[PDB]
């Protein structure tokens, strides 16, 4: 079989030769009991850079020793890309949401041999699901592989925005001291009201991490959490997002993007936020009207905005979120720490082993089959 694997570029200084640490913490399961991936074997050392082109998700030696071909590329966009040319006879397509190889209906139509569309990561927004089903393409993901990674990123950003960490660090880096300049925009997080717009795997993990900071926790969702969880975390539930915003000092968005949520944060709804509110958004960039957020930070409606998701993605060099006041942006990276990469590289191998050996892929990995 032919495996076509799209990954992002190596570091500018080249694929790393050394790493900061020698191993990764051992984890038995995810919250709720799902076990971590169980491939028969791995050809990588957990902690290596696996999601760049030279990392190959540690797949080459398993595939080639079993008679398969592996084509790795970062050239994924447009009809002229390496991905599009190799797609026509690829049996398996693999990519990460952090550098996604889109499986449009047009591409699925030309992918005459396509049997498996594998997300090395979470989700399937880059895959046209009905076209995949109609063509008997299996679509699978490494469920839960980086939900905790994103939640850590969220809480880190909440703390950094509220305490004015990033300008403070710049004063130190540039040789200043400037105590009053650091803290004239700096507060404690303690006893603030924090709300999450969804409470799935990420949102729940965020709520649990926020609780011992003694904040007042709010959330909105379609499904209320179990009453025992609301009670142990002292949660206030809101039926609508609009009912939650006016009471929150901090709002974190952990909800999927669809037309009814596209630009749900705009000039009109920002009017509902407390003056000086903070927003953290690691879900999707298009949840926020780009220029409305920037306008809210210029006026002081918001006291900070941070996240790792942008529209468009990758963000152009001139994207205004890069330089607007009191931003805590990073590039799209939260779920591709070396820790998360080890999990979803192992999960990718587990799925491939099942697929090639004719054994069932985990139910929780399957999206459509």
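Positions refer to the first chain, counted from 1.
- For the segment pair 99-107 and 204-212, the entry gives 99-107 the higher mean B-factor, averaged over Cα atoms.
- Look at the C-alpha B-factors of 166-174 and of 284-292. On average they run higher in 284-292.
- Note on the listed residues 148, 239, 191, 180: the highest Cα temperature factor in the record is that of 239.
- Taking only the listed residues 276, 121, 195, 256, the entry reports the highest CA temperature factor at 256.
- In the deposited entry, the Cα temperature factor of residue 133 places it in the highest third of its chain's modelled residues.
- The PDB entry assigns residue 20 a C-alpha temperature factor belonging to the lowest third of its chain's modelled residues.
- Per-chain ranking of the deposited C-alpha B factor places residue 312 in the highest third.
- Per the PDB record, residue ranking by Cα B-factor puts residue 232 in the highest third of the chain.
- In this PDB entry, residue 60 carries a Cα temperature factor that places it within the highest third of its chain's modelled residues.
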